[PDB]
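> What follows is query.txt, compact mmCIF, C-alpha atoms.
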# COMPACT_ATOMS: atom_id res chain seq x y z
CA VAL O 12 14.76 74.37 23.52
CA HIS O 13 15.12 71.29 21.30
CA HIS O 14 15.36 67.60 22.30
CA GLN O 15 15.90 64.71 19.91
CA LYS O 16 16.73 60.98 19.86
CA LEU O 17 17.22 61.23 23.61
CA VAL O 18 17.50 57.47 23.85
CA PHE O 19 18.56 55.79 20.63
CA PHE O 20 19.32 52.19 19.73
CA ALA O 21 20.74 51.58 16.26
CA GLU O 22 20.65 47.75 16.57
CA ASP O 23 18.03 45.24 17.78
CA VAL O 24 16.88 45.09 21.42
CA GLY O 25 16.24 41.57 22.66
CA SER O 26 13.96 42.47 25.57
CA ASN O 27 13.02 45.20 27.99
CA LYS O 28 11.83 43.83 31.30
CA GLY O 29 12.56 47.27 32.82
CA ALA O 30 12.07 50.98 32.11
CA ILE O 31 13.17 52.95 29.06
CA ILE O 32 12.36 56.63 29.42
CA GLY O 33 13.22 59.36 26.94
CA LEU O 34 12.62 62.16 29.40
CA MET O 35 11.41 61.39 32.92
CA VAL O 36 10.24 64.66 34.50
CA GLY O 37 7.92 63.61 37.35
CA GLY O 38 5.79 60.72 38.65
CA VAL O 39 6.72 57.15 39.38
CA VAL O 40 7.96 54.35 37.17
CA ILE O 41 8.42 50.88 38.60
CA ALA O 42 9.76 48.36 36.12
CA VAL M 12 19.81 74.61 24.23
CA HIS M 13 20.11 71.42 22.15
CA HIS M 14 20.26 67.78 23.32
CA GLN M 15 20.75 64.77 21.07
CA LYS M 16 21.49 61.02 21.20
CA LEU M 17 21.95 61.43 24.95
CA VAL M 18 22.15 57.68 25.35
CA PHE M 19 23.19 55.83 22.23
CA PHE M 20 23.87 52.17 21.50
CA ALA M 21 25.31 51.38 18.07
CA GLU M 22 25.12 47.57 18.55
CA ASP M 23 22.43 45.18 19.85
CA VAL M 24 21.25 45.22 23.48
CA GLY M 25 20.51 41.78 24.88
CA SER M 26 18.23 42.86 27.72
CA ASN M 27 17.33 45.72 30.01
CA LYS M 28 16.08 44.53 33.36
CA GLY M 29 16.89 48.02 34.73
CA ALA M 30 16.49 51.71 33.85
CA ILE M 31 17.67 53.51 30.72
CA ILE M 32 16.94 57.22 30.91
CA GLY M 33 17.89 59.81 28.32
CA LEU M 34 17.33 62.73 30.64
CA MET M 35 16.08 62.16 34.18
CA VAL M 36 14.97 65.52 35.60
CA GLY M 37 12.61 64.66 38.47
CA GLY M 38 10.40 61.88 39.88
CA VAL M 39 11.23 58.32 40.79
CA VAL M 40 12.42 55.39 38.71
CA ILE M 41 12.78 51.99 40.30
CA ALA M 42 14.09 49.33 37.95
CA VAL W 12 24.86 74.76 24.97
CA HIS W 13 25.10 71.48 23.05
CA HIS W 14 25.16 67.89 24.38
CA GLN W 15 25.59 64.77 22.28
CA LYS W 16 26.24 61.02 22.58
CA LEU W 17 26.68 61.58 26.31
CA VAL W 18 26.78 57.85 26.89
CA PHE W 19 27.81 55.83 23.86
CA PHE W 20 28.40 52.14 23.31
CA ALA W 21 29.85 51.15 19.93
CA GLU W 22 29.57 47.38 20.59
CA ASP W 23 26.82 45.11 21.96
CA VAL W 24 25.60 45.34 25.58
CA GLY W 25 24.77 41.99 27.13
CA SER W 26 22.49 43.25 29.89
CA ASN W 27 21.64 46.23 32.04
CA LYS W 28 20.34 45.23 35.43
CA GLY W 29 21.22 48.76 36.65
CA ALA W 30 20.91 52.41 35.60
CA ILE W 31 22.16 54.04 32.40
CA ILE W 32 21.52 57.76 32.41
CA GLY W 33 22.55 60.22 29.71
CA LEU W 34 22.04 63.25 31.89
CA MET W 35 20.75 62.87 35.44
CA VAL W 36 19.71 66.32 36.70
CA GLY W 37 17.30 65.64 39.59
CA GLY W 38 15.01 62.98 41.10
CA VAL W 39 15.75 59.46 42.17
CA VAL W 40 16.89 56.41 40.24
CA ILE W 41 17.16 53.07 41.99
CA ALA W 42 18.42 50.27 39.78
CA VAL C 12 21.89 12.43 54.14
CA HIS C 13 19.47 15.29 54.89
CA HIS C 14 19.47 18.93 53.68
CA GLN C 15 17.07 21.67 54.75
CA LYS C 16 16.51 25.44 54.51
CA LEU C 17 19.89 25.65 52.78
CA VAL C 18 19.29 29.28 51.95
CA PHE C 19 16.84 31.05 54.23
CA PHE C 20 15.56 34.62 54.44
CA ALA C 21 13.43 35.58 57.46
CA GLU C 22 12.55 39.10 56.23
CA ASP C 23 11.64 40.66 52.85
CA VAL C 24 13.94 40.51 49.80
CA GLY C 25 13.75 43.67 47.71
CA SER C 26 15.11 42.22 44.48
CA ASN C 27 17.26 39.49 43.02
CA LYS C 28 18.97 40.56 39.83
CA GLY C 29 21.44 37.67 40.34
CA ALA C 30 21.51 33.98 41.31
CA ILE C 31 20.11 32.35 44.44
CA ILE C 32 20.89 28.65 44.49
CA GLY C 33 20.03 26.22 47.27
CA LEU C 34 22.41 23.56 46.05
CA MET C 35 24.54 23.96 42.92
CA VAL C 36 25.83 20.50 41.94
CA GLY C 37 26.73 21.00 38.26
CA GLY C 38 25.92 23.02 35.12
CA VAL C 39 26.11 26.74 34.49
CA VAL C 40 24.28 29.69 36.00
CA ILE C 41 24.83 33.18 34.67
CA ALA C 42 22.87 35.84 36.52
CA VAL E 12 18.58 10.96 50.54
CA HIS E 13 16.10 13.72 51.44
CA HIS E 14 16.01 17.42 50.39
CA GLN E 15 13.55 20.04 51.61
CA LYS E 16 12.90 23.81 51.55
CA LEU E 17 16.25 24.18 49.80
CA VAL E 18 15.56 27.83 49.14
CA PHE E 19 13.09 29.43 51.52
CA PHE E 20 11.73 32.96 51.91
CA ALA E 21 9.61 33.72 54.99
CA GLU E 22 8.64 37.28 53.92
CA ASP E 23 7.66 38.97 50.63
CA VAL E 24 9.94 39.02 47.55
CA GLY E 25 9.65 42.26 45.61
CA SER E 26 11.01 40.99 42.30
CA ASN E 27 13.21 38.38 40.70
CA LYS E 28 14.86 39.64 37.55
CA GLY E 29 17.41 36.78 37.91
CA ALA E 30 17.57 33.06 38.71
CA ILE E 31 16.24 31.25 41.77
CA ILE E 32 17.11 27.57 41.65
CA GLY E 33 16.34 25.00 44.32
CA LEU E 34 18.76 22.45 42.96
CA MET E 35 20.86 23.05 39.84
CA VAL E 36 22.21 19.67 38.69
CA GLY E 37 23.07 20.36 35.03
CA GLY E 38 22.18 22.50 31.98
CA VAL E 39 22.28 26.25 31.53
CA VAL E 40 20.39 29.08 33.19
CA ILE E 41 20.85 32.64 32.02
CA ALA E 42 18.84 35.17 34.00
CA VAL F 12 15.28 9.58 46.90
CA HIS F 13 12.74 12.24 47.95
CA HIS F 14 12.55 15.97 47.07
CA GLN F 15 10.04 18.48 48.42
CA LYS F 16 9.30 22.23 48.54
CA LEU F 17 12.63 22.76 46.79
CA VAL F 18 11.85 26.42 46.30
CA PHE F 19 9.36 27.85 48.77
CA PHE F 20 7.92 31.32 49.33
CA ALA F 21 5.81 31.89 52.46
CA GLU F 22 4.74 35.47 51.57
CA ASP F 23 3.70 37.29 48.36
CA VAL F 24 5.94 37.53 45.27
CA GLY F 25 5.56 40.85 43.49
CA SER F 26 6.92 39.76 40.11
CA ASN F 27 9.17 37.28 38.37
CA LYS F 28 10.76 38.72 35.27
CA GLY F 29 13.38 35.91 35.48
CA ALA F 30 13.64 32.16 36.11
CA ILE F 31 12.37 30.19 39.09
CA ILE F 32 13.33 26.54 38.79
CA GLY F 33 12.64 23.83 41.35
CA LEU F 34 15.12 21.41 39.86
CA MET F 35 17.16 22.19 36.74
CA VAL F 36 18.59 18.90 35.43
CA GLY F 37 19.39 19.78 31.80
CA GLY F 38 18.43 22.03 28.87
CA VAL F 39 18.44 25.80 28.58
CA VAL F 40 16.49 28.51 30.39
CA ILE F 41 16.86 32.13 29.37
CA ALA F 42 14.81 34.52 31.48
Can I see the file as structure tokens?

Amino acid sequence: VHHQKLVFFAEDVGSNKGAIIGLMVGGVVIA
Amino acid sequence: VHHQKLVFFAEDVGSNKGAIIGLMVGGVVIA
Amino acid sequence: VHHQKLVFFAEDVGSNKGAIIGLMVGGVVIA
Amino acid sequence: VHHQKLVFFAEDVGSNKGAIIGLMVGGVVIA
Amino acid sequence: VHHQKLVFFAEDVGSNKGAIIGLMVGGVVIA
Amino acid sequence: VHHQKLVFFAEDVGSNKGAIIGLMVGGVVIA
């Protein structure tokens, strides 16, 4: 298979106080 | 298969205090 | 198969205090 | 006059992604 | 006058991704 | 006048990714 640009932003992000995950597959994120 | 640009923003994001996930497949996100 | 731009915003997002998921397939998101 | 415990929680708060205000008297909150 | 414990939590707060304000009297909060 | 303990937590705060303000009277907070 092929994955690409799963998340994409074309313009500026101010902040990320949380989670940004291209491809969450297991385990535990807490943001 | 082929995946691409699953999430896309063309303009600026101010903030993300939560979760942004291209392709959640298992495990646990808490944002 | 082919997926693309599953979620798309063409203009600016102010905030995301919740979940934005291109393709949720299993597991647990809590935003 | 006397004010006290205007807002009160006795048990655990999970999250506050919004506004919690004891006493709003003017100005502008955006949560 | 007298103010006290305007906001009160007795048990644990998990997170505050927003605003918690004892006494908003003017100006601008954006959380 | 007299102010006291305007915001109060009795138990542990996990995180503050936003604003916690005893007494907002003017100006601009962005959290």
> With a distance cut-off of 8 Å and only C-alpha atoms, select the neighbouring residues of stretch 32-42 of chain M, excluding the residue or stretch itself and same-chain residues fewer than 6 positions from it, and output the selection as a PyMOL selection string.
(chain O and resi 17-18+29-42) or (chain M and resi 17-18) or (chain W and resi 28-42)
> Could you check which residues have any atom within 6 Å of (24.9, 47.4, 22.9), counting all atoms listed in the file with coordinates taken straight from the file, and then list them as a list in words?
residues 20, 22, 23 and 24 of chain M; 20, 22, 23 and 24 of chain W
> For the atom pair atom CA of residue F:25 and atom CA of residue E:26, what is the interatomic distance in Å to one decimal place?
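Going from atom CA of residue F:25 over to atom CA of residue E:26, I get 5.6 Å.
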> How far is it from atom CA of residue E:21 to atom CA of residue C:12, in Å with one decimal?
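Value for the atom CA of residue E:21-atom CA of residue C:12 distance: 24.6 Å.
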> Separation of atom CA of residue O:16 and atom CA of residue W:14, in Å?
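A separation of 11.8 Å between them.
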> Which centre and edge lengths in Å to one decimal define the box along x, y and z that fits every listed atom of stretch 14-29 of chain C plus 6 Å per side, as AutoDock Vina command-line options?

--center_x 16.5 --center_y 31.3 --center_z 48.6 --size_x 21.8 --size_y 36.7 --size_z 29.6
> Please rebuild chain E with N, CA and C atoms and return the result as a JSON list (two decimals), keeping the file's coordinate frame.

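Just written: rebuild.json:
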[["chain", "number", "residue", "atom", "x", "y", "z"],
["E", 12, "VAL", "N", 18.39, 9.66, 49.82],
["E", 12, "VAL", "CA", 18.58, 10.96, 50.54],
["E", 12, "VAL", "C", 17.27, 11.75, 50.54],
["E", 13, "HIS", "N", 17.27, 12.87, 51.27],
["E", 13, "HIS", "CA", 16.10, 13.72, 51.44],
["E", 13, "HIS", "C", 16.54, 15.19, 51.32],
["E", 14, "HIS", "N", 15.83, 15.97, 50.50],
["E", 14, "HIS", "CA", 16.01, 17.42, 50.39],
["E", 14, "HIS", "C", 14.68, 18.09, 50.70],
["E", 15, "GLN", "N", 14.74, 19.35, 51.14],
["E", 15, "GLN", "CA", 13.55, 20.04, 51.61],
["E", 15, "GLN", "C", 13.85, 21.53, 51.69],
["E", 16, "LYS", "N", 12.86, 22.36, 51.33],
["E", 16, "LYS", "CA", 12.90, 23.81, 51.55],
["E", 16, "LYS", "C", 14.26, 24.38, 51.17],
["E", 17, "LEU", "N", 14.86, 23.88, 50.08],
["E", 17, "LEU", "CA", 16.25, 24.18, 49.80],
["E", 17, "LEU", "C", 16.46, 25.69, 49.79],
["E", 18, "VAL", "N", 15.70, 26.40, 48.96],
["E", 18, "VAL", "CA", 15.56, 27.83, 49.14],
["E", 18, "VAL", "C", 14.26, 28.05, 49.89],
["E", 19, "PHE", "N", 14.25, 29.08, 50.73],
["E", 19, "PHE", "CA", 13.09, 29.43, 51.52],
["E", 19, "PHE", "C", 13.10, 30.94, 51.68],
["E", 20, "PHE", "N", 11.94, 31.58, 51.49],
["E", 20, "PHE", "CA", 11.73, 32.96, 51.91],
["E", 20, "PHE", "C", 10.57, 32.93, 52.88],
["E", 21, "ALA", "N", 10.70, 33.61, 54.02],
["E", 21, "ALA", "CA", 9.61, 33.72, 54.99],
["E", 21, "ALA", "C", 8.77, 34.98, 54.76],
["E", 22, "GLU", "N", 9.34, 36.02, 54.14],
["E", 22, "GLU", "CA", 8.64, 37.28, 53.92],
["E", 22, "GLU", "C", 8.63, 37.55, 52.41],
["E", 23, "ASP", "N", 7.98, 38.66, 52.02],
["E", 23, "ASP", "CA", 7.66, 38.97, 50.63],
["E", 23, "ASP", "C", 8.93, 39.26, 49.80],
["E", 24, "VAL", "N", 8.98, 38.67, 48.59],
["E", 24, "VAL", "CA", 9.94, 39.02, 47.55],
["E", 24, "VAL", "C", 9.33, 40.11, 46.68],
["E", 25, "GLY", "N", 10.09, 41.17, 46.45],
["E", 25, "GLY", "CA", 9.65, 42.26, 45.61],
["E", 25, "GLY", "C", 9.69, 41.84, 44.16],
["E", 26, "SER", "N", 10.87, 41.44, 43.68],
["E", 26, "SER", "CA", 11.01, 40.99, 42.30],
["E", 26, "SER", "C", 12.15, 39.99, 42.18],
["E", 27, "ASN", "N", 12.11, 39.22, 41.09],
["E", 27, "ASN", "CA", 13.21, 38.38, 40.70],
["E", 27, "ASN", "C", 13.41, 38.64, 39.23],
["E", 28, "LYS", "N", 14.41, 39.46, 38.92],
["E", 28, "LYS", "CA", 14.86, 39.64, 37.55],
["E", 28, "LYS", "C", 15.99, 38.66, 37.22],
["E", 29, "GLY", "N", 16.39, 37.79, 38.16],
["E", 29, "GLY", "CA", 17.41, 36.78, 37.91],
["E", 29, "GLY", "C", 16.92, 35.36, 38.14],
["E", 30, "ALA", "N", 17.82, 34.49, 38.60],
["E", 30, "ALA", "CA", 17.57, 33.06, 38.71],
["E", 30, "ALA", "C", 17.40, 32.70, 40.18],
["E", 31, "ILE", "N", 16.43, 31.83, 40.46],
["E", 31, "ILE", "CA", 16.24, 31.25, 41.77],
["E", 31, "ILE", "C", 16.09, 29.77, 41.54],
["E", 32, "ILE", "N", 17.03, 28.97, 42.03],
["E", 32, "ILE", "CA", 17.11, 27.57, 41.65],
["E", 32, "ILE", "C", 17.26, 26.74, 42.91],
["E", 33, "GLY", "N", 16.27, 25.91, 43.18],
["E", 33, "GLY", "CA", 16.34, 25.00, 44.32],
["E", 33, "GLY", "C", 17.55, 24.08, 44.26],
["E", 34, "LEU", "N", 17.79, 23.51, 43.08],
["E", 34, "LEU", "CA", 18.76, 22.45, 42.96],
["E", 34, "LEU", "C", 19.20, 22.36, 41.50],
["E", 35, "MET", "N", 20.24, 23.10, 41.15],
["E", 35, "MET", "CA", 20.86, 23.05, 39.84],
["E", 35, "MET", "C", 21.72, 21.80, 39.77],
["E", 36, "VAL", "N", 21.47, 20.92, 38.80],
["E", 36, "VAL", "CA", 22.21, 19.67, 38.69],
["E", 36, "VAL", "C", 22.89, 19.52, 37.33],
["E", 37, "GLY", "N", 22.34, 20.14, 36.28],
["E", 37, "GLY", "CA", 23.07, 20.36, 35.03],
["E", 37, "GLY", "C", 22.34, 21.38, 34.16],
["E", 38, "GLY", "N", 22.79, 21.55, 32.91],
["E", 38, "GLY", "CA", 22.18, 22.50, 31.98],
["E", 38, "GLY", "C", 22.48, 23.96, 32.34],
["E", 39, "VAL", "N", 21.80, 24.89, 31.66],
["E", 39, "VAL", "CA", 22.28, 26.25, 31.53],
["E", 39, "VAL", "C", 21.17, 27.25, 31.80],
["E", 40, "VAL", "N", 21.34, 28.04, 32.85],
["E", 40, "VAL", "CA", 20.39, 29.08, 33.19],
["E", 40, "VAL", "C", 21.08, 30.39, 32.91],
["E", 41, "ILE", "N", 20.36, 31.31, 32.29],
["E", 41, "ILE", "CA", 20.85, 32.64, 32.02],
["E", 41, "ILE", "C", 19.73, 33.58, 32.40],
["E", 42, "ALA", "N", 19.84, 34.21, 33.57],
["E", 42, "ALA", "CA", 18.84, 35.17, 34.00],
["E", 42, "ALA", "C", 19.55, 36.50, 34.32]]
